[PDB]
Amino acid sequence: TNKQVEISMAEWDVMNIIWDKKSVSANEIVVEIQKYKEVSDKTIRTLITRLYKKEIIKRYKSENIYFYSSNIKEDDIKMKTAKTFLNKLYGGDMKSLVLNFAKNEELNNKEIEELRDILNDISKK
């Protein structure tokens, strides 16, 4: 038995990379994340170490280098995070959140329609 599966806000950047590349080396994660923000190799490795310790990822040695892989279902931890978020910011109501989106004009009719599409597509049995 265990508890709360945790992913600090800054940790998602590491996990999204681990989930996206299935099996990766710290160095890899490090270069990938730098491709879009100023972060030190050490900092990222701390995140890596921390995830590894919370057991959200596992590893094995390949050459003499460590390669990491997810030890948690992505769809599940993101979904749990999202409900938390939705409850706190909208009393868990996708409507209330999709409506706050249109309102603040964070969506152009092109995206509004693509959505309405896919979404109409889901209702379709």
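The first residue of the sequence shown is number 1, and the count goes up from there.
**Q** If you average the CA temperature factors as listed in the entry, which stretch comes out higher, 13-21 or 99-107?
**A** Looking at the recorded C-alpha B-factors, 99-107 comes out higher on average.
**Q** Of the two stretches 34-42 and 68-76, which shows the higher Cα B-factor on average in the entry?
**A** Stretch with the greater average CA B-factor: 34-42.
**Q** Taking only the Cα B-factors deposited for this chain, tell me whether residue 27 sits in the lowest, middle or highest third.
**A** Residue 27: CA B-factor falls in the middle third of its chain.
**Q** Within this chain's modelled residues, let me know which third the CA B factor of residue 59 belongs to: lowest, middle or highest.
**A** It falls in the middle third of the chain.
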